[PDB]
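> Before I ask anything, here is the structure I am working with.
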Protein chains: 6
Amino acid sequence: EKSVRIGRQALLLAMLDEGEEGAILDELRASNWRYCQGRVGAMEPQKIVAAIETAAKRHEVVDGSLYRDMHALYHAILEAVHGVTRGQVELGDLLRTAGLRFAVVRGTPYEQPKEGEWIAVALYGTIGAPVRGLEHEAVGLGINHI
Amino acid sequence: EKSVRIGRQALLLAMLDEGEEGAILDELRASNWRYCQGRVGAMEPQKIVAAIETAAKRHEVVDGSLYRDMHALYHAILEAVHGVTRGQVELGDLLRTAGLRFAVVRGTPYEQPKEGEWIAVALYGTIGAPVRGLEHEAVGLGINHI
Amino acid sequence: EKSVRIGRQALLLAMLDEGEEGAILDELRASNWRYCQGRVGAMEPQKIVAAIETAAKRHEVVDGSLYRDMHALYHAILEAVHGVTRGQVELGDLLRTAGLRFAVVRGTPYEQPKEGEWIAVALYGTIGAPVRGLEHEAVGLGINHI
Amino acid sequence: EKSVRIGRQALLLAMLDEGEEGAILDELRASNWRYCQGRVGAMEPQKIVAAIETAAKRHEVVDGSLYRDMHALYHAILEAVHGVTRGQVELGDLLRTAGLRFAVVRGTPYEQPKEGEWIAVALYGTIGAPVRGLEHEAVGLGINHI
Amino acid sequence: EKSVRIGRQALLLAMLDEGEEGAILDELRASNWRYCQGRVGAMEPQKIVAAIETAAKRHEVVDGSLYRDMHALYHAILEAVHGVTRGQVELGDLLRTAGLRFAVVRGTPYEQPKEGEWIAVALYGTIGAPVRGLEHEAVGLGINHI
Amino acid sequence: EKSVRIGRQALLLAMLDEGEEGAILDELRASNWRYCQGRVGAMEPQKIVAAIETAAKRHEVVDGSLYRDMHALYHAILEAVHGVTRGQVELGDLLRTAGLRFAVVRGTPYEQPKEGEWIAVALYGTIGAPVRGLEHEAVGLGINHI
Ligand SMILES: N[C@@H](Cc1c[nH]c[nH+]1)C(=O)O
Ligand SMILES: N[C@@H](Cc1c[nH]c[nH+]1)C(=O)O
Ligand SMILES: N[C@@H](Cc1c[nH]c[nH+]1)C(=O)O
Ligand SMILES: N[C@@H](Cc1c[nH]c[nH+]1)C(=O)O
Ligand SMILES: N[C@@H](Cc1c[nH]c[nH+]1)C(=O)O
Ligand SMILES: N[C@@H](Cc1c[nH]c[nH+]1)C(=O)O
Ligand SMILES: [Mg+2]
Ligand SMILES: [Mg+2]
Ligand SMILES: [Mg+2]
Ligand SMILES: [Mg+2]
Ligand SMILES: [Mg+2]
Ligand SMILES: [Mg+2]
């Protein structure tokens, strides 16, 4: 069964402590899949989207001038943000903020070759009141064909 | 007074392959936090709730006769389900089905001891068409005080 | 040209204990506004709509053969149900059930007389687990022109 | 049946005219439950949340430095706001505003002692266009364990 | 069958190229229904609502000082915006923008005379990243009694 | 390198009266884009998805054994359904039913040729009470890369 958990990889990259992630990186290298990681502190959801788009482009995971790529990523991002926000994608507008780690992974996860590329966006972090220590954890995942 | 990623432990339990998670089981022994794990396959959301209620009651993670317990858990469940369903909380009614693992972890994560117990619910798995193999991954996490 | 809290009258009717609401009944006699009251126990949302449609038609609060009437009422119903369900409009499908009282009040609340008739729908009751006693209160109000 | 309608109390406090609320206050006094009341005019939802948090803290209904308290209240607040907004928690962003009265009540409503404390957040008021008299009534309720 | 597709008229006005719309205009003239058209480029949803309200008033399709009229239109507008936004009515807050054509049509579409007036709001256009050519089409319709 | 309103073609197909749409059929012959058309009457949303999946597979608009195809289509379907349902994606469960026409169009709309194929799903019809004649129009459009 050649099939791979591309989401789980993204999530693991997002949640494991730096330096615990070695095997995942190794797998990605073998596979020769593109990926990136990053962090964002946000009281506005669009900041999250921006950070992710920016990161994806800078690390060459997506072609920023090619809409199909950016449409695919956009919607995967919203899917993840939804796991984090659980209903309303409002942060500041609802008196909360988030600090999040993110990761993106673009690959060919399925067994059949024709399935082609897919992208995964993962978010992990905390969400809470804009006060130190009044917070808890959150998670999200988005998957899209690309 | 150390503070813990209770969400990440639950997430890790739901997503890792069995026998790969021993460390997390060990952290929990040490803390002496209660917890359970499960699998559920659903085309009806209410099924997901029921399986987790049954497994939390069965492994003594919560008290099925105390409403404050079951209330705390119910909302953690819906939060995790939002991550999985990403908006509309519907499965069969939107012609999709879910194949999931879950974990619930109850404990006292915060440094401060007056922060009491908190509970976490995690889901990891696949969501897709009724036909098998046409599907992708999904995830969710709910946190509540308890 | 006095202006009235038609929503509050309906709310009061749905929430007060019987025999405790006589004043509100009296205000309504005076205005000569039509109105009805009801009870519904539901694990299916559509049941809530149906019971209120039946009781508004039956006490001549609206005309079941005039779509503008039934349209105005239907949207007032969904507005009140959002208050009760607080997001996802699902009951059994999210493993909860509702025990509710309702009231509909139709009248001309505004100072201005060209503001026509308006209708109000109120819900008050309990929402909880299928087991009895594991539940809490809930409420909702929908307003529409009619 | 020692059980009490803590939500109905909050709602009544929120909706009754000043000086009609005497009995409710009396009950609360007997019970020795903590509570507060207040008003907020808002074109931004976060204003509502802020007002309520602030009020709860100032009147000593909740411990503002204790997350479990503030998590409990936060989520009860969002539940109420939902009854008021009926779908989207957007005010200004959707060209409406709200004027609302609020109330919070913290108590031990259930018969069994072990159920412990619960909190209720109630909203009542009007919502409408940012123009005088283009408005109608709205209501909300949130209940949480605390 | 005297009944008319008032929504389809609004939608057609919104989507057809200028000068392809002649027959629709003709029908409207015969019927002596009021209507208007317009365009709005928005990164904020309230801009859309504002544009539509403004246009409706200026062209005398609705009485801006009469709430029933403006309530009816408001809710029809939100219904259309929903088709355009598909879930969250957020534009800038979610890193997208929209360019849209709109139309409103007020008439007596049904066969029975007593059905009275109804209003239709239609939106057609593109939605996308705030970059040229990274965009796709969108549509919406709202219908309300008036 | 001309760019096309693929959404509008699909919309037009779903909403025009048969025999009135010949031009659009002709544009499609010219482009050589695949497409299908359908009717569905539903009180269950999943029925809408199924009918469109069946008609896209049947007229070779997509490949039922390739997940990337069916994934792209599924999300375009839910987008169009949001336009029709306007929030809650429920029909019977909210005591309403839908009478709809649909169309799917797959092609390469953009000027740029590397923008690949994209798919469009359109719905037009009526939504209302179970009784016939108590209903109004509705619409929706979903777009995805494919
Ligand atoms: N607990 C909130 C975040 C928060 C806001 N204020 C306090 N906490 C959530 O689930 O998103
Ligand atoms: N891709 C869908 C699931 C699905 C239904 N049919 C095919 N796929 C989702 O993200 O939930
Ligand atoms: N507490 C849930 C209802 C419930 C389901 N199970 C237990 N309680 C609500 O707020 O709707
Ligand atoms: N009627 C709107 C408020 C409003 C905005 N503009 C006019 N009225 C509501 O239900 O929230
Ligand atoms: N494709 C998005 C719009 C967008 C934002 N960024 C890129 N595209 C939508 O469906 O609304
Ligand atoms: N008017 C409702 C449908 C309906 C149900 N009952 C009567 N009408 C809608 O907009 O979806
Ligand atoms: Mg899109
Ligand atoms: Mg998907
Ligand atoms: Mg929380
Ligand atoms: Mg609850
Ligand atoms: Mg309204
Ligand atoms: Mg309607």
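So you can find residues: chains in the structure tokens are A, B, ... in the order shown, residues in each start at 1, and ligands are numbered from 1 in order.
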Applying 10 Å and only C-alpha atoms, which residues near residue 31 of chain B remain after dropping the ones on its own chain fewer than 6 positions away? List them as a ChimeraX atom specification.
/B:107-109
> Restricting the output to N, CA and C atoms, write the selected residues as a compact mmCIF listing (two decimals), in the first residue's frame.

# COMPACT_ATOMS: atom_id res chain seq x y z
N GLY B 107 -7.28 15.84 32.74
CA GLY B 107 -6.13 16.10 33.57
C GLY B 107 -6.09 17.55 33.98
N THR B 108 -4.96 17.96 34.54
CA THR B 108 -4.75 19.32 35.04
C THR B 108 -3.53 19.88 34.36
N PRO B 109 -3.69 20.39 33.15
CA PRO B 109 -2.60 20.88 32.32
C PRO B 109 -1.83 22.10 32.78
> Compile a residue-level contact table for chain D against chain F at a cut-off of 12 Å, reporting for every qualifying residue the shortest atom pair and its distance in Å to one decimal, with only C-alpha atoms counted, rows ordered by chain and ascending number, as JSON lines.

{"residue": "D:86", "atom": "CA", "partner": "F:87", "partner_atom": "CA", "distance": 10.5}
{"residue": "D:87", "atom": "CA", "partner": "F:87", "partner_atom": "CA", "distance": 7.7}
{"residue": "D:88", "atom": "CA", "partner": "F:87", "partner_atom": "CA", "distance": 9.5}
> I'd like the neighbourhood of residue 61 of chain F as a short mmCIF file (atom, residue, chain, number, x, y, z; two decimals) with N, CA and C atoms, in the first residue's frame, where a residue qualifies if any of its atoms comes within 10 Å (using only C-alpha atoms), though same-chain residues fewer than 2 positions away should be ignored.

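Wrote out_30.cif, looks like this:
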data_model
loop_
_atom_site.label_atom_id
_atom_site.label_comp_id
_atom_site.auth_asym_id
_atom_site.auth_seq_id
_atom_site.Cartn_x
_atom_site.Cartn_y
_atom_site.Cartn_z
N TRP F 33 -15.89 21.74 -24.53
CA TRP F 33 -16.02 21.46 -23.13
C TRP F 33 -17.10 20.46 -22.86
N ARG F 34 -16.89 19.58 -21.90
CA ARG F 34 -17.93 18.65 -21.45
C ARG F 34 -18.85 19.34 -20.44
N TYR F 35 -20.05 18.79 -20.31
CA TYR F 35 -21.10 19.38 -19.56
C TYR F 35 -22.30 18.41 -19.49
N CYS F 36 -23.14 18.61 -18.49
CA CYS F 36 -24.40 17.94 -18.39
C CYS F 36 -25.40 18.87 -17.69
N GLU F 53 -23.65 13.89 -9.07
CA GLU F 53 -22.55 12.90 -9.27
C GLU F 53 -22.92 11.88 -10.39
N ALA F 55 -25.00 12.37 -12.80
CA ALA F 55 -25.09 12.98 -14.15
C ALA F 55 -23.74 13.45 -14.69
N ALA F 56 -22.84 13.83 -13.82
CA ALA F 56 -21.51 14.13 -14.28
C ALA F 56 -20.73 12.86 -14.73
N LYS F 57 -20.91 11.78 -14.00
CA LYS F 57 -20.26 10.51 -14.34
C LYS F 57 -20.86 9.99 -15.68
N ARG F 58 -22.18 9.98 -15.77
CA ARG F 58 -22.90 9.51 -16.93
C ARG F 58 -22.62 10.23 -18.23
N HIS F 59 -22.49 11.54 -18.23
CA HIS F 59 -22.14 12.29 -19.44
C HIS F 59 -20.67 12.60 -19.52
N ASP F 63 -14.62 11.60 -14.01
CA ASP F 63 -14.33 10.17 -13.81
C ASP F 63 -14.61 9.69 -12.36
N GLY F 64 -15.72 8.97 -12.18
CA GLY F 64 -16.11 8.40 -10.89
C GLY F 64 -15.09 7.51 -10.17
N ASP F 69 -10.97 14.10 -9.43
CA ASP F 69 -12.18 14.55 -10.12
C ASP F 69 -13.38 14.71 -9.20
N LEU F 73 -15.43 18.02 -7.82
CA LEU F 73 -16.87 18.17 -8.04
C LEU F 73 -17.66 18.28 -6.74
N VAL F 104 -23.54 21.20 -15.00
CA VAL F 104 -22.11 21.19 -14.67
C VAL F 104 -21.40 21.43 -15.97
N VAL F 105 -20.35 22.21 -15.93
CA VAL F 105 -19.60 22.58 -17.10
C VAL F 105 -18.18 22.48 -16.69
N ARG F 106 -17.38 21.77 -17.49
CA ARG F 106 -15.95 21.60 -17.24
C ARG F 106 -15.18 22.04 -18.48
N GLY F 107 -14.13 22.81 -18.26
CA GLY F 107 -13.46 23.45 -19.35
C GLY F 107 -12.26 24.22 -18.85
N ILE F 119 -14.07 23.48 -13.04
CA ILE F 119 -15.46 22.96 -13.16
C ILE F 119 -16.44 23.89 -12.43
#
> Report as a ChimeraX atom specification all protein, DNA and RNA residues lying within 9 Å of segment 3-16 of chain C, evaluated on only C-alpha atoms, omitting residues in the same chain fewer than 5 positions from it.
/C:21,24-25,27-28,35,37-39,100-112,118-125,139-143 /D:8,12,15-16,124,136-139
> Any residue with an atom at most 12 Å from ligand 9 counts, using only C-alpha atoms and all ligand atoms. Which are they? Put them as a short mmCIF file (atom, residue, chain, number, x, y, z; two decimals) with C-alpha atoms, in the first residue's frame.

data_model
loop_
_atom_site.label_atom_id
_atom_site.label_comp_id
_atom_site.auth_asym_id
_atom_site.auth_seq_id
_atom_site.Cartn_x
_atom_site.Cartn_y
_atom_site.Cartn_z
CA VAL A 84 -8.89 26.20 14.89
CA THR A 85 -11.86 28.53 15.15
CA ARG A 86 -14.59 25.91 15.44
CA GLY A 87 -17.55 27.80 13.96
CA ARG A 96 -9.72 36.23 21.22
CA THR A 97 -6.32 35.78 19.54
CA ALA A 98 -4.24 32.83 18.37
CA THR A 126 -3.20 28.05 21.22
CA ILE A 127 -6.21 30.32 21.14
CA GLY A 128 -7.44 32.51 23.90
CA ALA A 129 -8.06 35.84 25.46
CA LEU A 134 -5.71 32.61 29.44
CA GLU A 135 -5.59 30.24 26.51
CA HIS A 136 -5.88 26.68 25.29
CA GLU A 137 -4.83 24.56 22.37
CA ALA A 138 -6.34 24.30 18.92
CA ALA B 72 -18.06 19.53 29.45
CA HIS B 75 -18.95 20.55 23.90
CA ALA B 76 -15.42 19.26 23.57
CA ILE B 77 -16.86 16.69 21.20
CA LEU B 78 -18.65 19.19 18.99
CA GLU B 79 -15.44 21.33 18.82
CA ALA B 80 -13.45 18.36 17.57
CA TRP B 118 -9.64 20.27 31.77
CA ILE B 119 -10.62 17.69 29.12
CA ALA B 120 -9.50 17.20 25.53
CA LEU B 141 -9.60 19.08 18.78
CA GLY B 142 -11.94 20.29 21.46
CA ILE B 143 -10.85 21.55 24.87
CA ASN B 144 -13.05 22.35 27.85
CA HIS B 145 -12.75 22.95 31.53
CA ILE B 146 -14.21 20.16 33.63
CA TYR D 67 -8.95 30.99 33.12
CA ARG D 68 -11.48 28.31 33.97
CA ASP D 69 -13.81 31.04 35.10
CA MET D 70 -13.18 33.15 32.06
CA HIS D 71 -13.32 30.28 29.60
CA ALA D 72 -16.71 29.30 31.08
CA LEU D 73 -18.05 32.82 30.78
CA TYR D 74 -16.53 33.42 27.34
CA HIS D 75 -18.37 30.48 25.76
CA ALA D 76 -21.62 31.29 27.57
CA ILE D 77 -21.28 34.78 26.13
CA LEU D 78 -20.85 33.53 22.58
CA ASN D 144 -22.13 26.87 31.06
#
> Could you pull out the residues in segment 2-146 of chain F that DSSP calls strand (DSSP E or B) from the backbone, as a PyMOL selection string?
chain F and resi 34-42+97-107+118-128+135-145
> Segment 68-103 of chain C: which residues are alpha helix (DSSP H) by DSSP, as number ranges by chain?
C: 68-85
